[PDB]
Every structure is written in C-alpha cells, then in structure tokens.
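We give structure tokens for two forms of one protein chain below, kept apart as structure 1 and structure 2.
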Structure 1
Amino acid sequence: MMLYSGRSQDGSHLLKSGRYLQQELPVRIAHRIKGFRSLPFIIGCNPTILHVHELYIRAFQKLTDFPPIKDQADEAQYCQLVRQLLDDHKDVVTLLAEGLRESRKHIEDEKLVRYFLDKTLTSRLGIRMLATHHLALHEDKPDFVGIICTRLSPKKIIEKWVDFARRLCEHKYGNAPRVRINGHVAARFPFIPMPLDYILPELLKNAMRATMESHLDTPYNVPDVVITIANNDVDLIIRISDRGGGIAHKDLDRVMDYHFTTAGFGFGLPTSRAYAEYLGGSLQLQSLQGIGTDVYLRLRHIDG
C-alpha cells in the first residue's frame, strides 16, 4: 500500500487519492472477511466474533455501494463514509480480544489464532493508516503530508507517551518511575507517527507496571526507566530498559502470546510486535531475570 505525498492547488491530488482509496479498501476488507470465514467454526460462532464479522461485511457493503468518485463533491462524501467506518471499527481490537479469549481454548492448533490475529490486526493497521492518510490530506497541519510527519522528533513523541503512561501509573500506584531519554535526542526525520502512538504506550505501561510491582516496599523511590534513541540511515531503534525484575523464565515463551498476562488483557506485546514487523521492523525482548528487561523497538526509515 502507498501513501500519496502528492500536492496540488486545483485539488487534483485529493481526487487521485480518493479514487485510489475507493479502489483499494473493498479488496482489503474482502480479505478480512475471508479471514473470518476461515476461522474454526466454534470460534466463528462466538457472538462477539460474529458481531465483528458482521461489521466487516457492513463495511464492505457500504464501500461497494458508493458510486465511483467523479468530482470533489463525491470525494467529500466518500470521506464522510470513511470517517464513519473508522469510528464504527475503533473498538475492533478489544472485541476480538474478548471474543477470542475463551473460544480459542476449544481448538488444538494454537498457531491458528495467533496467525489470524497477526494477519487481521496488521491488515487493519495498514487499512486505517491509508484511510487516515487520505482524510489528513485535507488538513493544513504544518510539518505533515497526510499522516506523514516531515520532521518527527523521536524524543518528543516518546515524551508525549511517557507523560501519558506516568499519569496512568501515578493513578494506580501513587507514583511512577521517572524516564530518562538518551542517545540521539536531537534527531528529526520524516516518519509516520501512528504506529509509534500504538506501540510506545504499550511498552511504557509494561515497563512502569513491572517497576512498581517489584518495588511495593518503596513506591516513593523506584528505579528510572531509561530510553535510548539510535537513529541511522537504515532504521530507528528505541530501547526501553527497566529495572522491574525481568520476565521470568517460566513466562518467557508465553509473553508474546495473545491473551497471556500476569495481571490489561495481554495484547500489548504480540500486537506491538506484529505492528513492528508489518512495517519492516521488529520488537525484541532481553530479560535479565532478577534485575529488569530491555525492550528494543526497531522501525525502518521512510524511503524518500
């Protein structure tokens, strides 16, 4: 899938973008529907899975019922539909999580659900990126072409999610680790924030929770979480290192499983990894049992 960076005054680029989207969305939704159709019967019969399956069918119906975009008037209305659908599907990850939680235990091939979720959630991420990019082309935000930031600062977006995770953590525990950021703190480059907006808060919540739950005697004095930024011509690496006691040997082969948690609902890690790999990067964990965990998020740079 491609995110149009084209620009024009007659607004011709919006028409071209809209037409591309109109061509592309129905095909990709059709693929998601095929995924639901192939789910093991007993899982497909779960009422929450059925609800999500039906949402996708509705999306496909509405998208295919929309006439070919001929002019700006049409394109404007197509954007209304896209906005509606994005909103109607905003809770899909949570619905799948709930729908699958019990039902998946009823089949033996455990690879199956993992594959379905990886494929479904990453396709969905790409679909939402495409659609949101098109809508964003109508915005006049400085330093954005659609959802592409022309000068993203890793430090700034990390700090945004740090503040967010610290507030949640402070609410639950009365305090939160301080976060230090080092390495290429001054880096700025073209980049799409959206995947970071998903991934960063998941990894930060994990690191903070781990830190608090291993320092229950001294909640007022916990070890910092330390984030290192490395920017090179190939990828961006963000290392998130905590002293939260590590991931136990007995849990290590399970933490990347959808639904596994030692506590939200165990999607943070497998989802983040699937997203990173979908975009050409990776998510790798290094556990120092008894000390802490290093998490390495790598995302490939944009090809201008």
Structure 2
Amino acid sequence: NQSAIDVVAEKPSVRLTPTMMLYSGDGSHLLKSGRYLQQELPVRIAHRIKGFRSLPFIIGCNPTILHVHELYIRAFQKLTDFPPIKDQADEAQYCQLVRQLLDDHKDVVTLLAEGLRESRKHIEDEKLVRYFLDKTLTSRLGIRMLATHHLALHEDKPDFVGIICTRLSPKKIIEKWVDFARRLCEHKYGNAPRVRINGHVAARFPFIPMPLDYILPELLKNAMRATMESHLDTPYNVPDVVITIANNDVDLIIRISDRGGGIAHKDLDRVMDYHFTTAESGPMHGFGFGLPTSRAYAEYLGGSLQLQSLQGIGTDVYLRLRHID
C-alpha cells in the first residue's frame, strides 16, 4: 500500500487532557493547538487504516469493508496534502477541510456494520466484531472530539470552552433527552412512563456533553420501551422510570431504574453484543448498537456502563463518568 501511511501507523497517539484544554481557553494559543491538530489527525486516520490492514483477508475483501478502507486512505491523503499552517488564513481553509472530513462520511459506522454483517459466515469469533467495532467507535469519537473542540474554540458560546461545558447540569441534559424520548414513546404506544429525577439534582461541573448526547437517549429509549412492552395490557397505567444523580469528587453516577421486567437470563450474556436486539449520522441508534456503543463510550471517557437485572421486575443501569479534574 502507501508508505506515508506506514510511517505513522505505529506512532502513539498524543491526547490533550480535558484539564489542559480548559487551561488554554484566543490568538497565540490557537496556533499551538492548530499545529498539534495537524500532526495528530493523520495519525488517528493511519491507526484506523492499520485496523483494516490487520483484518483477516476474507473480511478485508468485503466490497463494503474495502470501500470504507478506501475512504480512510483518501482522508489521510487530504490531511497530509495540506502544508504546515503558518497564518490563520490557511487555518480557515483547513477548518473547511476538517468540516468536510467531519461532514462527508458520517455514515462510515453504518457501512462497516453492513460489511461485517455480509461477512458473518467467515467470522468464527463474535469477539472479533466487538473488538473491531469498539475500536472503530472509540477512535471515531476521539477524532470527532479532537476536531469539534478545535473548531468550537473559534466561537464565543456562553458556558463553553470549545466542546467543554464549564457548568454542565446532569439534571438539565437528562431532562432534554427525557422530553425527546417521551414524545417518541407517546407516538409508538399512545403513552410514555413519567421520568422522575432525584439525588444531586443541583450538581453543575465542567464536562463534555457530546457522548452523553448519544448515551442518554439510548438508555432512556431502552428503559421506556422495556416499561411499555411489559405493561401492554395496561398501556395508560405504567410505572415511572427513576433516575438518580450521584455527584462526588471522583465521578458522576447516573442510575436509570425501570420496572420493565428485566433483561432475561437467556439474553444477559448477549445484550452487550453489537446487533443483539429483541426490538422489531455517526454512531447509530437501533439495530442492537445501543448498549455496546454506550459502554465503549463510557469506558473511553474513564468510566463504565453496568447493568443489574432483576428478572420479573426491572433493570438498573449505572452510567459512571470520570470528572474532568
């Protein structure tokens, strides 16, 4: 293949700590972060190309997998073609290409999922798919956070330093997604469980909302769907979904407790697999991607996603996310 890709495929990624990113938030500082972004993005793309190069041959040949592999190759070429950024006039043109990188192929995850599905007969290990997709989703989230933060540092949005909210309220972001999920749930069933929020309802701290924007509506949909499917005989009299916020120095805990009947013993070892579902762009919602994506996201952010199933009663879902400090 291409030798420029070979040069950085093994080069370790360099990450700016969220603490270092709030520290910078600008004229002279933007130049330093700009040069950094320029050295970093081709490395992230090269890492993904190495992923495709490492797939078993039979899987890497899948025309959809091959097409996605090609998209990554073309993306790397465009990023390395740009000369070193000297003046802010070039950075505006480079932002047009980072915006183009971010906008042109947002459906890569969907394409990969299709490619891996078409290749299932040649995949003996469910571990290979989970490992490949976990890496794909986390690296694409890292690329998205890296790029979107640099682009947002141009803007003067209140309570934000790039993509970092200086005073995020978990109650507010949960409420925003509760309203979204309830409206969709009411459209399907003619009713939706009421959502009660308790615990540290006044908590506010520096945090990045972007991954919560994927995780929260997914977990809310899961809890609401399980509640409605469990109470189809009394659809206008369903138990509440209860959300607890626990805020301490180390982490933020969001517990989502439903009375949806639980996750059956037979399904428990399968719910964390991609494509496993009992229901009938970027990271996709639906088709059994919800739980594995949310877990890959939480773990990449230094936290976790844990489930406690009470078969016959309901499920408690624990989302833990590490504080910025």
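Heads up, when I say rigid core I mean the largest set of C-alphas that superpose within 1.5 Å between the two forms. For residue numbers, the reference is structure 1: its sequence is counted from 1.
- Once you line up the core between the two structures, the CA of 49 is the only one from 240, 276, 49, 63 that shifts by 2 Å or more.
- Taking 2 Å as the criterion, residue 26 does not count as shifted between the two structures: its C-alpha moves by less than this amount when the rigid core is aligned.
- Residue 106: CA moves 2 Å or more between the two structures after rigid-core fitting.
- Taking the core as reference, the C-alpha deviation of residue 92 between the two structures is 2.3 Å.
- Here the rigid core is superposed, and residue 223 then shows its C-alpha moved by 0.6 angstrom between the two structures.
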